[PDB]
Amino acid sequence: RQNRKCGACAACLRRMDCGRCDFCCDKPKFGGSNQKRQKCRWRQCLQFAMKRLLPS
DNA sequence: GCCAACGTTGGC
DNA sequence: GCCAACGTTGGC
Ligand SMILES: [Zn+2]
Ligand SMILES: [Zn+2]
């Protein structure tokens, strides 16, 4: 694997899923269909996440 | 065995 | 070159 948490940015410090972004809504637990399978947009690490996963 | 989400690629 | 889509995998 590649480490995807720097651990010290506002995204990594965030506690809970936002429950409103495209990735959250897609989670089965939020009622989505699991077609995207990514972590909350607002929990995507600002240093280590692929840039396409950051908020837009 | 489940499952969050990583990591690869077919199709553009 | 890009990413939507989903197969995979580490942690539990
Ligand atoms: Zn979210
Ligand atoms: Zn971070």
Side-chain angles (χ1 to χ4, degrees), chain A residues 1-4 6-12 14 17-46 48-55:
Chain A
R1 294 277 207 240
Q2 302 269 338
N3 178 19
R4 306 288 177 175
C6 81
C9 73
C12 289
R14 208 209 179 72
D17 287 344
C18 88
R20 296 284 173 195
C21 75
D22 59 347
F23 297 153
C24 280
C25 289
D26 173 78
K27 297 178 163 295
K29 71 176 172 162
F30 287 127
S33 60
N34 206 31
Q35 304 185 313
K36 302 198 150 77
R37 311 176 173 193
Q38 304 302 340
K39 59 164 153 175
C40 181
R41 285 286 182 178
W42 300 109
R43 309 177 84 179
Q44 297 280 354
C45 183
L46 304 171
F48 301 166
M50 290 196 284
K51 300 300 178 195
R52 68 178 54 113
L53 299 181
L54 294 174

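Labels below follow one simple rule: chain letters A, B, ... track the order of the sequence lines, proteins then strands, and each chain is numbered from 1. What's counted below: heavy atoms across the whole structure, side chains too, no hydrogens, waters or symmetry copies. Each ligand, and each atom within it, is numbered from 1 in the order the structure gives.
- Rounded to 10°, the angle formed at the Zn ion (ligand 1) by SG of A/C21 and SG of A/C18 is 110°.
- Nearest heavy-atom pair across A/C40 and A/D17 is CB-OD1, 4.0 Å.
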When you look at A/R4 and A/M50, which way does the side chain to side chain contact (heavy atoms under 4.5 Å, CB included) test go after all the steps? CA-CA 9 Å; A/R4 306 288 177 175; A/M50 290 196 284; 3.8 Å; yes
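- We find the CD-NZ distance between A/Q35 and A/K27 to be 14.5 Å, quoted to the nearest 0.5 Å.
- A/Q44 approaches A/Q38 most closely through the heavy-atom pair NE2-CB, 4.1 Å.
- Between the SG atom of A/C45 and the SG atom of A/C6, the angle centred on the Zn ion (ligand 2) amounts to 110° when rounded to 10°.
- Angle SG(A/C24) to the Zn ion (ligand 1) to SG(A/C40), rounded to 10°: 100°.
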